[PDB]
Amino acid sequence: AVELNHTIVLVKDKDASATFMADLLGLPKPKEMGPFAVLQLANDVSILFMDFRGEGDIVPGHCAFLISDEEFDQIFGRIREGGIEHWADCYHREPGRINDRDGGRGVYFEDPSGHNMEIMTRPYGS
């Protein structure tokens, strides 16, 4: 069975983005590994945050996280208490709302570099 083991996400500040995501998602502090700040997820995959060295701006990507119901209450609680801008939809046309797709709950937010981050409590499509 072929697993996705790690992927790189380019950001303006790897420590700022990795720590923001770890704190918000309720995960341990990211590990420093060479030029990477490592965010380890539960399903044997890690995001390697790396400082962008190019000249222009960050090309925003998309990472979506599947979490438990209790974790949604905790993470969305930190979104609300921290005044973090959030949206119910990927295109950010529904600000300040959460979605109820697939019988679960979901919400979108951004890391400091503007990547489109998402949490969800049920797999897409049921």
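Quick note: we count residues from 1 along the sequence shown, nothing fancier.
Asker: As stated in the PDB record, which stretch has the larger average Cα B-factor, 85-93 or 55-63?
Answerer: Result of the comparison: 55-63.
Asker: 5-13 versus 100-108: which one carries the higher mean Cα B factor per the record?
Answerer: Result: 100-108.
Asker: For residue 27, does the deposited CA B-factor place it in the lowest, middle or highest third of the chain?
Answerer: Tercile = highest for this residue's CA B-factor.
Asker: Just say lowest, middle or highest third for the CA B-factor of residue 33 relative to the other modelled residues in its chain.
Answerer: For residue 33, the deposited C-alpha B-factor lands in the highest third.
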